[PDB]
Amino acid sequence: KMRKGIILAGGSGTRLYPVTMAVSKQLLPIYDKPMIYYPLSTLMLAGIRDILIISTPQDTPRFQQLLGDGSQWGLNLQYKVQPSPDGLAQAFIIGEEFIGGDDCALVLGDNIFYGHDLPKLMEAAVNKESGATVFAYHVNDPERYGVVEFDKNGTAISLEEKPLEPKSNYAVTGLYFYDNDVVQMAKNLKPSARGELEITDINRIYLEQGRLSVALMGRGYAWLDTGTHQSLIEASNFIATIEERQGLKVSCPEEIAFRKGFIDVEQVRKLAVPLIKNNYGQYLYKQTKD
């Protein structure tokens, strides 16, 4: 088997109106590049080159307009519409045909992960033969999330979606790794009381079966909040501060494709020339020099 990726970049957008009446949430800038460049880079860093992008009926075509078939970066990008935002777990029903019999990795379109040795963090998950792998990260508002409860020995024992009384402060991040089992699982799921096909219910099945690995994502990593306008600004500020300090970009898909060998120096130069008059294009071009 191989592992195909799915970025779920849909959603009603209501939380951010009227900004998101104008622009899809996942095309909003996080400093110097559209939001979706970040989770796209996460999947690339995991070695995943074949990726299905799912958005809404109005928005999906705008992603396709930005990114194309991903061939310029050594990827294959495909697109599919989620008719209505009826649950994260619908991603697997929509991507049925795409996933075929392979393993997959689903990342939410608004999830931004930063930190040292991220690829090594994911490695085990990526490598996994069977089961599912999720990431737990300590937050101050776990009631917004899927919350994973750990026993006194550091074993996951329960998962609850947006509980009014959280059993802990560990949230389940928006990056998930699964074996080929998830599709049929999702296909057989029933909607929660709130009317959604829940990823948390998928994860609970793997747990219940003993097949769920819950990897801790330490405080040394940043998992940026993009839920509110204010948190968007902070995420932008955070990335700007890193980049302007380093002179390097965070989650620049061209850079990652080049450094991983998806594309070569000649391809980078071909990408950069047309863009040579803007700072983004100069960064690309500098990367081929030294």
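The first residue of the shown sequence is 1; numbering continues from there.
Q: Got a sec? Mean C-alpha B-factor, which is higher, 242 to 250 or 221 to 229?
A: Averaged over C-alpha atoms, the B-factors run higher in 221 to 229.
Q: Once you work out the mean C-alpha B-factor for both 142 to 150 and 186 to 194 from the entry, which is higher?
A: Mean CA B-factor is higher for 186 to 194.
Q: Using the temperature factors in the entry, find which of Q26, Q65, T42, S236 has the highest value at its Cα atom.
A: Spelled out: the listed residue with the top C-alpha B-factor is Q65.
Q: Based on what the PDB entry reports, which of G131, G174, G87, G95 has the top C-alpha B-factor?
A: Each of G131, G174, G87, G95 was compared by C-alpha B-factor; the highest is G131.
Q: Could you tell me which third, lowest, middle or highest, the C-alpha B-factor of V19 occupies within its chain?
A: Lowest third of the chain for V19's C-alpha B-factor.
Q: Where does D50 sit by CA temperature factor within its chain: lowest, middle or highest third?
A: Its C-alpha B-factor, which the entry lists for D50, ranks in the middle third among residues of this chain.
Q: Considering only modelled residues of the same chain, in which third does the CA B-factor of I263 rank: lowest, middle or highest?
A: CA B-factor rank for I263: middle third.
Q: Should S213 be placed in the lowest, middle or highest third of its chain by the C-alpha B factor in the entry?
A: CA B-factor rank for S213: middle third.
Q: Going by what the PDB entry lists, where does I157 fall on CA B-factor within its chain: lowest, middle or highest third?
A: Top third by C-alpha B-factor.
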